[PDB]
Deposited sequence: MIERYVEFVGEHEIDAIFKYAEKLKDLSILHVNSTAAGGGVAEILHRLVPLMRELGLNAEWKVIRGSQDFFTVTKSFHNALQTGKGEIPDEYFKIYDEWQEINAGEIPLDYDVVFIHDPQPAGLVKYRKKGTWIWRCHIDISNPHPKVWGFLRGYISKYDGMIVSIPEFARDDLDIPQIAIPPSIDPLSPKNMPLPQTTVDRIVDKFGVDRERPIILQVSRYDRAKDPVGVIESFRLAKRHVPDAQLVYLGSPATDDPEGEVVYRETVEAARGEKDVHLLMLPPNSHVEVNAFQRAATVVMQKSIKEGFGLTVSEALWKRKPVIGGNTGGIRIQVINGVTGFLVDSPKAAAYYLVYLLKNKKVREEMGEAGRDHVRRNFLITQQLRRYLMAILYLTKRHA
């Protein structure tokens, strides 16, 4: 309910949202992504699509389907786009286009505005009617595999507009409008809502973690781009200087390979808790983020990382990988610290665990920074502004 957000962002931002919604209230809007049960894109749309409807926008949300072979091709496309590395069999491109065709037939695409989320459904623009097509990129495309990019740019160049999470992901090899809209957290979502101390305490104890002693938390998949092995290395280095400290890695199911290496890297320290929760364990993530003393998101590559703003909103200082969208959330020395190695991560863990007053000041700065920049009302407003801008130029 948009009324409830005045508490956080004030009345001017809400009036502005109603004003923009009035101008759009008889456009048909379709969002297309690749999972409804999944990660950050799903978490955003589950909150954002309902807010659009409540403003009287005709907004729908459809999910492409595929074989695991399709999702093997798109995972590798994802890693090649972010790392600039890999060998891509020519068969991958043929698998991709086939599942574009299959999905086009199963999805009505005749809307005034079509948002395509990330590379997986990007090839649906082949089957575009009229209307305004916007490619919403959530990942780091600053320095990609030239063959995968060259290919996807074949499709991207046919869109009317493009949204990236930070300006640094804008391509000078594209002439269509490129708009930087950071993602956001919904402060009223189960992930972010206040919890009674009782519920936090229950969930922490349930996983055998001691809330009498400091908790270092990373929330992330057991995936190379989140560097769980590096995170354990950071903790191992800090542990010598903060012996009572605990690490919680809060994961969600080649992924088993990384998890195994993570178990091996942890082989020795018994204050390491490598958890695996079902993906929709929102209240458990909430509870762990609230129980944390310091949060890490030590990513190698990261489009944005909602886990950062989630932690900052709960007044937790974040130690973040010095990459992509983490940099606009983690203001070095103010809301957290940016690090390029496990060694610097360890250095800043020890600093924060030993400097309570500085931790809490960072926590306050963190919440205020999210309040001004990364609440769902901010993303919703800029989203409505992009639609108005791009529809009026056809």
Which ranges of the deposited chain go unmodelled, in order along the sequence? 254-258, 400
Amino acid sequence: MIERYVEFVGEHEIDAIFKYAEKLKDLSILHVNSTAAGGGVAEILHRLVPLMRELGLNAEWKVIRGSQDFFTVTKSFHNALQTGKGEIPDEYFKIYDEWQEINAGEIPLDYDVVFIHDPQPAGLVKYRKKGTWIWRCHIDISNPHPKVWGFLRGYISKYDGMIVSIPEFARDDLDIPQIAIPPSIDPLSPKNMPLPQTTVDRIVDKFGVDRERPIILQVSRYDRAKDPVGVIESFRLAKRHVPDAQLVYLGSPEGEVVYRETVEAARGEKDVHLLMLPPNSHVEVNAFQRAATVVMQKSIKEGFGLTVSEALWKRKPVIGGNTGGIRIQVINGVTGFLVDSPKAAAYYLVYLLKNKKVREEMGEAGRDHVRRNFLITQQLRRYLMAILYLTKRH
From here on, numbers count along this sequence of modelled residues.
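Rigid core (definition): largest C-alpha set, two forms, superposition within 1.5 Å.
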Stretch farther from the shown model on average in 4 other deposited structures of this protein, with CA RMS computed after core superposition (256-264, 301-309): 256-264
Rigid core superposed, root mean square over structures and residues, which stretch has C-alphas farther from this form in 4 other deposited structures of this protein, 326-334 or 38-46? 38-46
Per the entry, where is the mean C-alpha temperature factor higher: 268-276 or 282-290? 268-276
Greater mean Cα temperature factor according to the PDB record, 299-307 or 151-159: 151-159
Using the temperature factors in the entry, find which of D227, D118, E87, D140 has the highest value at its Cα atom. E87
Comparing C-alpha B-factors across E261, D186, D112, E168 in this entry, the winner is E261
What third of its chain's C-alpha B-factors does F235 belong to: lowest, middle or highest? middle
Test of reading the entry: by CA B factor among the chain's modelled residues, which third contains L390? middle
State the tercile, meaning the lowest, middle or highest third, of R47 with respect to the CA B-factors recorded for its chain. middle
Check where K206 lands among this chain's C-alpha B-factors and tell me if it's the lowest, middle or highest third. highest
Divide the modelled residues of the chain into thirds by Cα B-factor and specify which third, lowest, middle or highest, holds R65. highest
